[PDB]
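Input: a single structure, listed below in structure tokens.
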There are 2 protein chains.
Amino acid sequence: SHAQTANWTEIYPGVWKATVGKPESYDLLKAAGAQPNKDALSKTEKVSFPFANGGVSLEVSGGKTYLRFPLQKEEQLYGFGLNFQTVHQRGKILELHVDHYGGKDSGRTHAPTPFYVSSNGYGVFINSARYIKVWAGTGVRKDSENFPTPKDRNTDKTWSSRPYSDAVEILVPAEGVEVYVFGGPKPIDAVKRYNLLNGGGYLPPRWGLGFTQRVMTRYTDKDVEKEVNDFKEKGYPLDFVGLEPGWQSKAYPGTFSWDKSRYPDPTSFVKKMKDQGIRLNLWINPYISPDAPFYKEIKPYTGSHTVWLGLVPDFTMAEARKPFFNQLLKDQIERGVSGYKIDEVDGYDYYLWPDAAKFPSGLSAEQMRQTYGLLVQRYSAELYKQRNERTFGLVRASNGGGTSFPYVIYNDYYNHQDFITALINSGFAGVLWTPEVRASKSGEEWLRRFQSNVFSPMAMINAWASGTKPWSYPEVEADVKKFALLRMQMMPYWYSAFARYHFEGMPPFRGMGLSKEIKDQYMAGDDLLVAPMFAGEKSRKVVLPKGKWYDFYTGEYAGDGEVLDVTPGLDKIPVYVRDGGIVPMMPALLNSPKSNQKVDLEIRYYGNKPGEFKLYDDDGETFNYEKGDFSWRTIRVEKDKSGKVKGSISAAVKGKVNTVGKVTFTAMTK
Amino acid sequence: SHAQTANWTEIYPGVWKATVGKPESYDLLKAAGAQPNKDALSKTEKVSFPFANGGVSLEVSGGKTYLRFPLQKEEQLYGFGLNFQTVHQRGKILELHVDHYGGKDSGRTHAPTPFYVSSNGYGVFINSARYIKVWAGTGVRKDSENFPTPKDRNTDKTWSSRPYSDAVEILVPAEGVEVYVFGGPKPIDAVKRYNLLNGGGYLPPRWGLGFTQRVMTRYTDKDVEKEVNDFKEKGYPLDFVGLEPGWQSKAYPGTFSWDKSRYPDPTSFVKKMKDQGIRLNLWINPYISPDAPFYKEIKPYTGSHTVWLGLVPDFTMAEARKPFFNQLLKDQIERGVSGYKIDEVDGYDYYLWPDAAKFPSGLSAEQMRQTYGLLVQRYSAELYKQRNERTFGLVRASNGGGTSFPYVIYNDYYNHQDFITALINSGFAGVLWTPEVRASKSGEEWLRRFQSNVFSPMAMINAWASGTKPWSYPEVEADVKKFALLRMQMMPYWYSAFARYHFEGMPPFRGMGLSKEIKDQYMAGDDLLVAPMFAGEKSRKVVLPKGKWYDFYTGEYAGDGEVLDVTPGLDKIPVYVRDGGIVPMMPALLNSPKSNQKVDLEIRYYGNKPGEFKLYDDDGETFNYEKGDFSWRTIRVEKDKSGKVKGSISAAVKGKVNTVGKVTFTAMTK
Ligand SMILES: C[C@@H]1O[C@H](O)[C@@H](O)[C@H](O)[C@@H]1O
Ligand SMILES: C[C@@H]1O[C@H](O)[C@@H](O)[C@H](O)[C@@H]1O
Ligand SMILES: C[C@@H]1O[C@H](O)[C@@H](O)[C@H](O)[C@@H]1O
Ligand SMILES: C[C@@H]1O[C@H](O)[C@@H](O)[C@H](O)[C@@H]1O
Ligand SMILES: C[C@@H]1O[C@H](O)[C@@H](O)[C@H](O)[C@@H]1O
Ligand SMILES: C[C@@H]1O[C@H](O)[C@@H](O)[C@H](O)[C@@H]1O
């Protein structure tokens with residue numbers, strides 16, 4: 001080691017920054033244009049520097065930046081991006097490249113966030129848009145304090161093929177790097193500070209938390225109108241419809257212009273849908289057809305290589321952004337289109353541009369690959385913010401720096417177990433992930449997928465190919481409908497969780513904690529432990545943290561710091577509520593409520609510990625909250641001496657939006 | 001593209017060298033110390049430069065070297081190292097890292113040779129010890145002459161997810177690189193010139209082509225003596241025994257010193273074996289125990305990181321080489337030890353040193369990883385050459401630059417089909433590979449593996465764990481013995497093929513050619529097409545090239561430019577002989593013949609085309625051949641008017657070694 005003396009500047013409470021060597025002029029935070037939530041960070045506890053006892057070794061050598069952070073024997077690690085099959089990361093080796101998930105945890109994935117969290121209550125972010133390699137406690141150094149005694153494999157039964165390693169080591173292919181370290185005291189505190197450095201989560205519109213149906217590629221405007229009428233007639237919720245590539249006059253590559261045959265009058269169509277409460281979310285990939293109206297203008301500002309024969313705009317250049325985003329604005333957003341699904345900004349390598357490609361800005365194709373999703377998210381979101389309108393959409397790649405964007409990750413993979421593991425890991429990765437529903441061999445699988453999906457960032461069927469609707473499997477149709485309605489009833493719960501994401505950096509879906517690895521349970525909001533069932537299973541084990549827990553459906557005591565064997569039936573996803581936990585429920589509305597609408601709330605209170613819930617309220621759709629037009633309404637509930645429920649809600653704040661109607665309290669635990 | 005003007009110097013007939021940017025001072029040829037066989041290269045045809053019509057674009061940008069070589073529509077590509085599941089490489093993307101094979105063709109493998117060959121009759125070698133990425137015809141450039149017309153996926157059934165790509169693109173993480181281009185006119189001509197640039201193949205000792213048994217880790221000197229006596233008593237051939245880690249006083253990490261309890265008198269033991277015709281091949285990994293006698297001396301010249309708690313010598317430093325190789329020389333080689341099995345110089349990444357490791361020479365851990373196998377091969381081989389004694393051994397990693405080393409690659413993987421595919425690909429990779437035999441669930445599998453194994457560079461059972469011997473499966477014991485004896489009978493055939501490898505660069509095992517991919521047939525020498533059977537199969541298809549072919553066993557016409565369906569039985573591996581093909585057979589000796597021994601030959605002549613075979617002859621064991629003490633004896637055979645065989649052999653050369661005894665001729669095709 002020739003560890004270079006790097007000064008750790010405490011830049012916010014519990015956030016330290018170090019500059020090793022000569023960092024590059026482009027990086028993840030710069031690509032994203034991520035601004036820290038200074039106010040939120042200033043309210044966090046000043047905590048001590050996590051690496052109090054030395055062991056940090058950062059240096060530049062041979063054109064690369066070498067990092068080493070110490071580990072203690074007790075420590076487990078989480079993060080290093082959107083893994084699908086692993087949650088404990090100590091002992092893993094990962095190569096953090098943006099790619100479509102390939103079926104194993106190599107580090108190559110949709111959001112290969114270079115951030116990790118320790119069970120000892122700290123985190124570390126490497127701010128590079130390069131491909132980086134991580135050895136998360138596999139290296140064993142001859143000069144280590146903790147060098148294990150060499151053993152003779154010939155004779156010693158305790159010989160180990162993976163001897164004890166006492167450090168995270170990272171190699172960055174650059175002449176320097178910025179490193180951020182986040183204090184605790186708890187693992188979740190580190191994640192929160194990381195997310196706040198990124199600007200906090202996006203505050204979604206309420207409509208983004210409703211149900212979305214993506215329809216078949218072939219659908220015309222009339223086909224969409226019919227589908228909407230079918231949802232209404234069947235009494236299923238719907239807030240936004242996803243149009244797939246058929247809305248464009250050409251796709252792969254794209255014109256970013258409405259097809260004249262299928263959408264002959266886009267202005268009328270979008271308005272008609274909006275009038276029925278239905279927003280539209282449009283599929284794009286960013287790859288340009290010679291028939292796009294801005295093709296000639298943008299061509300010089302595109303890369304050397306194409307993706308499905310489409311030009312690749314260099315979105316680091318104003319000269320590429322202006323034509324591209326102008327077309328979205330004038331042709332779609334100004335007609336009322338609510339947002340986008342940004343597809344195919346991930347991989348595979350055989351589709352996207354090679355790293356040997358060249359871009360007109362001079363940015364490496366590598367850094368472009370690592371940030372392309374960030375860039376499209378960034379500049380598309382800005383179009384909406386400029387109009388004082390929230391958006392909420394989908395994206396197939398993100399990275400560090402992307403916490404604040406109004407996009408949820410999805411993919412073309414489908415293993416349900418792994419979809420839940422990704423949901424867990426999204427909480428460690430500063431991104432949102434939806435385990436989307438598409439098809440299923442069976443009603444049972446359809447319902448199981450639907451159940452976990454309504455306990456996620458976005459409630460969605462993607463029927464681009466399958467043409468399925470929530471009711472397409474008659475055997476589970478009644479229960480699908482109940483869960484679709486439950487998603488709406490729970491809107492005030494999800495909205496308050498997302499508000500915590502924005503204001504405090506609290507991921508709304510996260511792993512347990514926050515000894516053994518748990519890859520199939522997650523916290524959803526602060527109060528709910530979700531333990532999905534998978535098709536073919538009649539029962540599962542649920543590991544409950546210490547403290548009492550209550551059945552979400554019945555309110556009955558479930559357990560306390562123990563393992564349950566649960567046989568929920570097909571009609572229930574196992575969900576448990578913390579003692580004193582509160583779930584505010586609005587009515588089973590088919591459409592998200594408007595800013596000028598009051599909604600009655602039933603406060604479902606579980607257990608016997610006095611409960612406290614902070615209900616977020618604002619207009620649900622603009623950026624007026626940035627000017628202070630929002631409120632947190634404190635709800636408190638307990639049972640009195642008689643065992644009867646007693647509840648309060650703090651008074652509405654003068655001058656602020658108030659969508660809270662009549663409030664009733666229900667003690668779920670009899 | 002800012003293609004830099006690189007001058008292609010024709011450095012040998014059909015070999016051109018280009019220097020792009022500022023190449024690094026360490027590279028594959030330098031690591032290997034590979035000297036071209038100038039004489040052999042000077043005898044090859046002057047052919048035209050393969051890229052006659054332009055399309056080459058080489059440049060340095062952003063600290064990296066970008067290469068592009070054009071492709072034509074007709075072209076298929078082979079090589080890019082030791083692939084196990086793919087032979088056609090056009091359309092593949094590979095990351096060429098030394099690693100233990102991981103179960104799919106990622107580019108990470110035991111010998112990730114950065115050399116490819118085209119069906120148009122040329123080859124390209126990238127001389128870098130860095131990790132390089134290859135896009136072997138996947139990139140589609142907007143300014144390409146051959147840019148496919150964009151299609152609308154919405155409406156056009158002929159839309160392609162993988163549009164036509166017209167170039168091989170490569171990215172090297174360095175400020176320059178040397179590139180070598182090899183002419184044809186045939187694909188095999190390019191491979192030959194590449195191999196000759198590397199110095200040709202090693203000329204193995206005859207004993208290296210005999211049978212080797214590796215025995216269980218636990219075996220003592222007495223256990224080895226017994227095993228040898230068992231082979232003799234059962235009449236099975238044996239030339240060298242492999243000792244596994246138990247020969248060392250400690251292993252993982254190693255002392256490189258004979259265990260006092262199991263090998264109390266190594267001098268006597270090695271001599272005793274040698275006196276019975278038995279050579280010894282010793283297992284090592286290069287990782288140093290604190291009990292190695294040279295530990296203190298070598299310690300400063302070892303890397304920062306350990307492998308199974310052993311120090312990693314920096315073999316680019318004389319100060320590390322001297323102690324390490326001195327110990328091998330004085331403690332083993334000078335006692336009579338014939339060679340080594342150099343294990344665990346490949347991977348996985350979780351065992352070997354991270355790329356974040358630092359080495360005392362200042363060489364990157366990356367370049368060390370890419371060349372470690374080359375270095376151990378190089379310096380171990382030199383110990384033997386210094387003593388005018390050939391060696392032949394095993395190694396688990398190699399690379400470009402390694403053609404000339406006396407080592408055969410093996411691994412811990414075991415899929416039999418893939419073992420044959422690797423054998424095919426070894427011919428494109430400038431390395432030797434053996435599909436070794438270890439265990440098997442069934443007699444059938446054991447025999448099938450044994451059959452393909454005796455048609456490979458090294459006939460070997462590796463029984464380190466299984467304790468198996470050739471006769472361990474009673475149901476196939478008779479047939480195993482027949483194939484073991486056949487390996488010996490065929491020694492003059494294999495030896496002449498290996499002589500062509502050394503003198504002409506001709507790989508002794510190679511793929512077909514040299515439309516559809518053939519991953520399960522290979523040429524073995526010039527005359528034999530081998531088509532292995534796999535356990536569970538009663539029949540297979542065999543694709544015969546144009547020209548007549550004859551059954552190896554019966555001599556009967558098999559076919560001509562056609563597909564056969566063959567049901568060989570368990571007792572035969574399908575082998576076909578070209579028309580006029582000749583297989584010289586010596587007697588079924590149990591031990592390779594000595595330099596002063598004449599051996600009778602039966603010349604097995606197949607078909608009816610007049611045949612010509614060049615039989616190589618020399619002492620079979622020293623480097624005297626370098627001083628001209630060798631001969632090629634031309635054998636010619638045909639049938640006369642009566643259908644009776646007529647043969648000749650050229651006269652022995654005055655003053656040269658002559659091991660040829662009585663020569664008889666047999667026309668196999670009645
Ligand atoms: C040997 C190397 O020292 C450097 O300073 C560290 O940053 C690397 O991770 C590694 O431990
Ligand atoms: C599964 C893991 O993927 C990572 O990218 C690799 O670096 C490791 O060697 C391993 O193969
Ligand atoms: C842990 C593994 O054990 C196996 O037996 C060995 O063959 C590998 O090289 C590695 O050491
Ligand atoms: C656009 C780039 O131009 C460079 O000169 C080439 O070497 C790369 O492979 C790529 O085609
Ligand atoms: C199988 C292939 O392995 C290569 O190393 C990768 O670069 C490709 O993207 C692909 O996954
Ligand atoms: C060729 C593949 O087809 C699929 O339908 C798409 O979802 C992928 O992104 C890709 O375009």
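The way I read the labels, and the way they are meant: chains A, B, ... in the order of the structure tokens, residue 1 as the first residue of every chain, and ligand 1 as the first ligand shown, with later ones counted on from there.
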**Message:** Tell me as a ChimeraX atom specification which residues belonging to chain A come within 7 Å of chain B, counting only C-alpha atoms.
**Reply:** /A:66,138-142,150,152-154,161-163,169-171,245-246,250-253,304-306,308-309,350-351,353-354,356
**Request:** Would you mind writing down, as a PyMOL selection string, each residue of range 325-572 of chain A that DSSP on the backbone assigns to strand (DSSP E or B)?
**Result:** chain A and resi 339-342+358+364+393-395+407-409+432-433+437+459-462+509-510+522-524+528-530+540-543+548-551+557-560+563-566
Preceding selection exported with C-alpha atoms as an mmCIF file, in the first residue's frame:
data_model
loop_
_atom_site.group_PDB
_atom_site.id
_atom_site.type_symbol
_atom_site.label_atom_id
_atom_site.label_comp_id
_atom_site.auth_asym_id
_atom_site.auth_seq_id
_atom_site.Cartn_x
_atom_site.Cartn_y
_atom_site.Cartn_z
ATOM 1 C CA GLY A 339 -45.109 10.285 -18.530
ATOM 2 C CA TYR A 340 -42.882 7.734 -20.182
ATOM 3 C CA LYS A 341 -41.577 4.205 -20.011
ATOM 4 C CA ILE A 342 -37.909 4.510 -20.929
ATOM 5 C CA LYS A 358 -17.437 6.973 -29.748
ATOM 6 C CA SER A 364 -16.445 7.486 -23.134
ATOM 7 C CA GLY A 393 -42.924 6.419 -15.020
ATOM 8 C CA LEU A 394 -40.777 3.438 -15.816
ATOM 9 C CA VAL A 395 -37.128 3.025 -16.720
ATOM 10 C CA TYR A 407 -39.058 6.397 -12.355
ATOM 11 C CA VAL A 408 -39.490 2.799 -11.288
ATOM 12 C CA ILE A 409 -37.303 0.008 -12.669
ATOM 13 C CA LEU A 432 -37.461 1.932 -7.032
ATOM 14 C CA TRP A 433 -38.312 -1.482 -8.506
ATOM 15 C CA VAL A 437 -47.313 -8.686 -13.692
ATOM 16 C CA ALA A 459 -49.266 -1.567 -9.326
ATOM 17 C CA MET A 460 -49.096 -2.710 -12.921
ATOM 18 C CA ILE A 461 -49.988 -5.302 -15.499
ATOM 19 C CA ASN A 462 -47.740 -5.058 -18.521
ATOM 20 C CA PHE A 509 -39.595 -0.968 0.388
ATOM 21 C CA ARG A 510 -36.643 -2.515 2.124
ATOM 22 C CA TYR A 522 -39.662 -6.972 3.000
ATOM 23 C CA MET A 523 -40.896 -3.948 4.876
ATOM 24 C CA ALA A 524 -43.457 -1.944 2.969
ATOM 25 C CA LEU A 528 -45.938 -3.711 7.326
ATOM 26 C CA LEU A 529 -43.859 -6.842 6.930
ATOM 27 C CA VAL A 530 -44.740 -8.539 3.638
ATOM 28 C CA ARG A 540 -44.118 -20.654 4.100
ATOM 29 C CA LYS A 541 -42.020 -19.593 7.053
ATOM 30 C CA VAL A 542 -42.144 -15.975 8.242
ATOM 31 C CA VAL A 543 -39.375 -14.605 10.447
ATOM 32 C CA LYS A 548 -45.299 -8.084 18.734
ATOM 33 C CA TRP A 549 -46.840 -8.460 15.286
ATOM 34 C CA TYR A 550 -50.413 -8.654 14.152
ATOM 35 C CA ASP A 551 -52.146 -10.197 11.175
ATOM 36 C CA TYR A 557 -51.629 -11.531 17.416
ATOM 37 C CA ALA A 558 -49.198 -13.359 15.127
ATOM 38 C CA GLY A 559 -46.006 -13.516 17.163
ATOM 39 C CA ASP A 560 -42.909 -11.822 18.513
ATOM 40 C CA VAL A 563 -40.557 -17.970 13.142
ATOM 41 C CA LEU A 564 -44.125 -18.771 12.066
ATOM 42 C CA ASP A 565 -45.278 -21.499 9.669
ATOM 43 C CA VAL A 566 -48.117 -19.909 7.716
#
**Message:** Give me the residues near range 40-56 of chain B as a PyMOL selection string, where near means some atom within 7 Å (using only C-alpha atoms) and where sequence neighbours in that chain fewer than 4 positions away do not count.
**Reply:** chain B and resi 12-14+68-70+122+183-184+193+196+503-504
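In terms of minimum interatomic distance to ligand 4, A:360 ranks closest within A:261, A:11, A:360, A:84, counting only C-alpha atoms and all ligand atoms.
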Using 12 Å as the limit and counting only C-alpha atoms and all ligand atoms, can you tabulate each residue of chain A that touches ligand 5, with its shortest atom-to-atom distance in Å and the two atoms involved, as a tab-separated table?
residue	atom	partner	partner_atom_place_in_ligand_line	distance
A:95	CA	ligand 5	5 (O)	11.2
A:97	CA	ligand 5	9 (O)	10.0
A:98	CA	ligand 5	9 (O)	10.6
A:99	CA	ligand 5	9 (O)	8.1
A:100	CA	ligand 5	9 (O)	9.5
A:101	CA	ligand 5	11 (O)	9.7
A:102	CA	ligand 5	11 (O)	7.1
A:103	CA	ligand 5	11 (O)	10.0
A:104	CA	ligand 5	11 (O)	10.5
A:105	CA	ligand 5	11 (O)	11.9
A:106	CA	ligand 5	11 (O)	9.9
A:107	CA	ligand 5	11 (O)	11.7
A:108	CA	ligand 5	11 (O)	9.1
A:109	CA	ligand 5	9 (O)	11.2
A:346	CA	ligand 5	9 (O)	11.3
A:347	CA	ligand 5	9 (O)	8.3
A:348	CA	ligand 5	9 (O)	6.2
A:349	CA	ligand 5	9 (O)	4.7
A:350	CA	ligand 5	9 (O)	6.6
A:351	CA	ligand 5	9 (O)	9.5
A:352	CA	ligand 5	9 (O)	9.9
A:353	CA	ligand 5	9 (O)	11.2
A:354	CA	ligand 5	7 (O)	9.6
A:355	CA	ligand 5	7 (O)	10.3
Please dump the current selection as a short mmCIF file (atom, residue, chain, number, x, y, z; two decimals), in the first residue's frame; keep N, CA, C and O atoms.
data_model
loop_
_atom_site.label_atom_id
_atom_site.label_comp_id
_atom_site.auth_asym_id
_atom_site.auth_seq_id
_atom_site.Cartn_x
_atom_site.Cartn_y
_atom_site.Cartn_z
N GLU A 95 -18.94 -6.85 -10.59
CA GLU A 95 -18.49 -5.91 -11.61
C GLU A 95 -19.70 -5.07 -11.94
O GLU A 95 -20.68 -5.55 -12.54
N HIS A 97 -21.72 -2.96 -13.81
CA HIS A 97 -22.02 -2.46 -15.14
C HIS A 97 -23.52 -2.40 -15.28
O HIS A 97 -24.23 -3.34 -14.88
N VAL A 98 -24.02 -1.34 -15.90
CA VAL A 98 -25.42 -1.31 -16.31
C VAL A 98 -25.63 -2.37 -17.39
O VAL A 98 -24.89 -2.43 -18.38
N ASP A 99 -26.64 -3.22 -17.18
CA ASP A 99 -27.00 -4.23 -18.18
C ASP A 99 -28.38 -4.71 -17.84
O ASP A 99 -28.88 -4.48 -16.72
N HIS A 100 -29.06 -5.33 -18.80
CA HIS A 100 -30.22 -6.11 -18.44
C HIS A 100 -29.74 -7.29 -17.58
O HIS A 100 -28.71 -7.88 -17.87
N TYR A 101 -30.46 -7.60 -16.50
CA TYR A 101 -30.12 -8.72 -15.65
C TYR A 101 -29.97 -9.96 -16.48
O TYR A 101 -30.83 -10.24 -17.34
N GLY A 102 -28.92 -10.73 -16.19
CA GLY A 102 -28.55 -11.87 -17.00
C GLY A 102 -28.80 -13.23 -16.35
O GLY A 102 -28.42 -14.24 -16.90
N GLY A 103 -29.40 -13.27 -15.17
CA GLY A 103 -29.78 -14.55 -14.56
C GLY A 103 -28.88 -14.96 -13.43
O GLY A 103 -29.13 -15.97 -12.80
N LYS A 104 -27.84 -14.18 -13.16
CA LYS A 104 -27.06 -14.36 -11.94
C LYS A 104 -26.47 -13.04 -11.48
O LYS A 104 -26.36 -12.10 -12.26
N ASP A 105 -26.11 -12.97 -10.20
CA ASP A 105 -25.67 -11.72 -9.58
C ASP A 105 -24.18 -11.52 -9.82
O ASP A 105 -23.32 -11.93 -9.02
N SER A 106 -23.87 -10.93 -10.96
CA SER A 106 -22.49 -10.67 -11.36
C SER A 106 -22.11 -9.23 -11.02
O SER A 106 -20.94 -8.85 -11.14
N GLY A 107 -23.10 -8.43 -10.66
CA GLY A 107 -22.95 -6.99 -10.55
C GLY A 107 -23.53 -6.25 -11.73
O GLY A 107 -23.74 -5.03 -11.65
N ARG A 108 -23.79 -6.98 -12.83
CA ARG A 108 -24.32 -6.38 -14.03
C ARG A 108 -25.83 -6.44 -13.95
O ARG A 108 -26.40 -7.51 -13.86
N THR A 109 -26.45 -5.28 -13.92
CA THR A 109 -27.84 -5.18 -13.63
C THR A 109 -28.33 -3.78 -13.95
O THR A 109 -27.56 -2.89 -14.31
N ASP A 346 -30.43 -0.21 -20.91
CA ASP A 346 -29.63 -1.10 -20.08
C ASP A 346 -28.69 -2.07 -20.85
O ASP A 346 -27.48 -2.09 -20.61
N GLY A 347 -29.25 -2.86 -21.76
CA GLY A 347 -28.55 -3.96 -22.40
C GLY A 347 -29.52 -4.89 -23.10
O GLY A 347 -30.68 -4.55 -23.25
N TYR A 348 -29.11 -6.08 -23.53
CA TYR A 348 -27.78 -6.65 -23.35
C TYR A 348 -26.69 -5.96 -24.19
O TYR A 348 -26.98 -5.08 -25.01
N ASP A 349 -25.45 -6.38 -23.99
CA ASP A 349 -24.30 -5.81 -24.70
C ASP A 349 -24.41 -6.02 -26.21
O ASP A 349 -23.86 -5.24 -27.00
N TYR A 350 -25.10 -7.09 -26.60
CA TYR A 350 -25.23 -7.34 -28.03
C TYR A 350 -26.28 -6.47 -28.70
O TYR A 350 -26.38 -6.47 -29.92
N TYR A 351 -27.04 -5.72 -27.92
CA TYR A 351 -28.01 -4.77 -28.48
C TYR A 351 -27.49 -3.36 -28.37
O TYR A 351 -27.55 -2.58 -29.35
N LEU A 352 -27.03 -2.98 -27.19
CA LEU A 352 -26.56 -1.63 -27.00
C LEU A 352 -25.19 -1.43 -27.65
O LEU A 352 -24.58 -2.34 -28.18
N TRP A 353 -24.76 -0.19 -27.67
CA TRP A 353 -23.52 0.16 -28.30
C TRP A 353 -22.34 -0.48 -27.57
O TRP A 353 -22.35 -0.60 -26.35
N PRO A 354 -21.33 -0.91 -28.33
CA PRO A 354 -20.10 -1.38 -27.69
C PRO A 354 -19.40 -0.28 -26.94
O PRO A 354 -19.60 0.90 -27.24
N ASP A 355 -18.56 -0.64 -25.98
CA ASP A 355 -17.70 0.33 -25.34
C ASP A 355 -16.69 0.97 -26.31
O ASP A 355 -16.09 1.98 -26.00
#
**Asked** Which residues come within 8 Å of range 586-599 of chain A, counting only C-alpha atoms, excluding same-chain residues fewer than 2 positions away, as a VMD selection string?
**Response** chain A and resid 206 to 207 210 232 235 to 239 277 485 to 486 488 to 492 584 601 to 602 618 to 621 657 to 662
Could you save the residues just selected, with N, CA and C atoms, as a short mmCIF file (atom, residue, chain, number, x, y, z; two decimals), in the first residue's frame?
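Final output, part15.cif:
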data_model
loop_
_atom_site.label_atom_id
_atom_site.label_comp_id
_atom_site.auth_asym_id
_atom_site.auth_seq_id
_atom_site.Cartn_x
_atom_site.Cartn_y
_atom_site.Cartn_z
N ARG A 206 -50.17 11.30 -6.58
CA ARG A 206 -51.07 10.25 -6.08
C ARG A 206 -51.47 9.29 -7.20
N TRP A 207 -51.71 9.84 -8.39
CA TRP A 207 -52.10 9.01 -9.52
C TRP A 207 -51.09 7.95 -9.89
N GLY A 210 -51.73 4.64 -8.23
CA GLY A 210 -52.96 3.92 -8.60
C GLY A 210 -52.59 2.75 -9.49
N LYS A 232 -64.03 0.20 -16.24
CA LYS A 232 -65.10 0.91 -15.54
C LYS A 232 -66.31 -0.01 -15.32
N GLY A 235 -65.65 -2.54 -12.70
CA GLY A 235 -65.36 -1.95 -11.40
C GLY A 235 -63.91 -2.16 -10.96
N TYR A 236 -62.97 -2.16 -11.90
CA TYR A 236 -61.57 -2.26 -11.53
C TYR A 236 -60.95 -0.86 -11.55
N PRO A 237 -60.09 -0.56 -10.57
CA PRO A 237 -59.36 0.71 -10.59
C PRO A 237 -58.42 0.86 -11.77
N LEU A 238 -58.25 2.09 -12.21
CA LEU A 238 -57.30 2.42 -13.26
C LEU A 238 -56.99 3.90 -13.21
N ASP A 239 -55.71 4.24 -13.16
CA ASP A 239 -55.32 5.65 -13.21
C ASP A 239 -54.56 6.00 -14.45
N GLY A 277 -60.53 10.41 -16.35
CA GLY A 277 -59.64 10.15 -15.23
C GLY A 277 -58.40 9.35 -15.62
N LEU A 485 -58.51 -3.21 -5.50
CA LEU A 485 -59.21 -2.24 -4.66
C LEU A 485 -58.39 -1.90 -3.40
N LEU A 486 -57.77 -2.90 -2.79
CA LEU A 486 -56.91 -2.68 -1.65
C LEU A 486 -55.79 -1.69 -1.99
N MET A 488 -55.93 0.80 -3.92
CA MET A 488 -56.53 2.13 -3.84
C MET A 488 -56.81 2.52 -2.38
N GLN A 489 -57.40 1.61 -1.61
CA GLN A 489 -57.70 1.90 -0.20
C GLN A 489 -56.44 2.33 0.57
N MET A 490 -55.33 1.68 0.25
CA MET A 490 -54.04 1.95 0.86
C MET A 490 -53.29 3.16 0.35
N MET A 491 -53.84 3.89 -0.63
CA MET A 491 -53.17 5.06 -1.17
C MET A 491 -52.61 6.02 -0.10
N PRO A 492 -53.38 6.32 0.95
CA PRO A 492 -52.83 7.28 1.94
C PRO A 492 -51.61 6.72 2.68
N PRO A 584 -53.75 3.97 7.37
CA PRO A 584 -54.91 4.76 6.99
C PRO A 584 -55.46 4.25 5.67
N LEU A 601 -61.23 8.78 5.77
CA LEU A 601 -60.20 7.83 6.14
C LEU A 601 -60.66 6.95 7.28
N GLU A 602 -60.41 5.64 7.15
CA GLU A 602 -60.51 4.71 8.26
C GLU A 602 -59.12 4.39 8.73
N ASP A 618 -50.99 16.94 0.56
CA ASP A 618 -50.79 18.09 -0.30
C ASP A 618 -51.66 17.91 -1.56
N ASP A 619 -51.40 18.67 -2.63
CA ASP A 619 -52.28 18.59 -3.80
C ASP A 619 -52.14 17.32 -4.62
N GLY A 620 -51.09 16.54 -4.35
CA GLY A 620 -50.89 15.25 -4.98
C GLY A 620 -50.46 15.29 -6.43
N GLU A 621 -50.14 16.46 -6.96
CA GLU A 621 -49.89 16.56 -8.40
C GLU A 621 -48.97 17.63 -8.95
N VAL A 657 -53.32 22.87 1.66
CA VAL A 657 -54.22 21.88 1.09
C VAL A 657 -54.70 20.94 2.19
N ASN A 658 -55.99 20.61 2.15
CA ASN A 658 -56.53 19.63 3.08
C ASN A 658 -57.48 18.73 2.34
N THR A 659 -57.03 17.49 2.11
CA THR A 659 -57.87 16.49 1.45
C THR A 659 -58.44 15.47 2.42
N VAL A 660 -58.25 15.69 3.71
CA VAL A 660 -58.73 14.75 4.71
C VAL A 660 -60.18 15.04 5.05
N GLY A 661 -61.03 14.05 4.81
CA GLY A 661 -62.44 14.11 5.15
C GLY A 661 -62.72 13.62 6.56
N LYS A 662 -63.77 12.83 6.69
CA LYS A 662 -64.14 12.29 7.96
C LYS A 662 -63.14 11.21 8.35
#
